[PDB]
């Protein structure tokens, strides 16, 4: 058992259900540690497919990165050991398919989390927002790259620059989702596909998944390029605007961004 997730097994399929509704399944360190422990505990030959879900009837699938766990300024908010950075790597390297089964609204790092998973099947009422520009956070290269493998650049830029929610129907049309189903059909539609995958050759699925992962990451740059980007990110996490974005969230008010 786990404090912040609940696991059920049906034949060869494991379903990991978030249990952190008190913070709307925000990706806090202690929540992600339990999610990672539950995945590791399910890395055995008789489990063939994972489903990630929020509880049935959830308004909010996940509120994204825990804003309270972001640093106050002057520190990189999305360093390699950050919980969002850990969970996306672990999903992508996990040698079984991971299906995100989505009911409710999806925010920021939770949208990156489901994008990092293998398939996304969603309720017709689910919504999707990418929100770091609401807070002034300099998103990291790996995080942004994880958003670019489904929908086109123009679509990704609209999502990130507007931070406006999109419907499940629009997320299907642009290539983000695999399927959209009525919420009463979501569980059994997802499980039917997970059990079907579970009869296929797991060692073949694992090596093809890993081949896709390394091909997806195979956009290479030189050290100077990376250090230049990192210096720009540093100017953002050093900015007055970053402090304003954090404070506006704390004070539950609209931020006033000024470009320094």
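Between two forms, the rigid core is the largest collection of C-alphas that superpose within 1.5 Å. Positions refer to the first chain, counted from 1.
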State which stretch is farther from the displayed form on average in 5 other deposited structures of this protein, 82 to 90 or 68 to 76, counting RMS CA distance after fitting on the rigid core.
68 to 76
137 to 145 versus 186 to 194 - greater average Cα B-factor per the deposited record:
186 to 194
Taking the mean of the C-alpha B-factors per stretch from the entry, tell me the winner out of 233 to 241 and 15 to 23.
15 to 23
Where does residue 216 sit by CA temperature factor within its chain: lowest, middle or highest third?
lowest
Ranked C-alpha temperature factor of residue 109 among modelled chain residues, by third:
lowest
Lowest, middle or highest third: where is residue 100 by C-alpha B factor in its chain?
lowest
Which third, lowest, middle or highest, does the CA B-factor of residue 76 fall in along this chain?
highest
Would you please rank residue 210 by its C-alpha temperature factor against the other modelled residues of its chain and give the third it falls in: lowest, middle or highest?
lowest
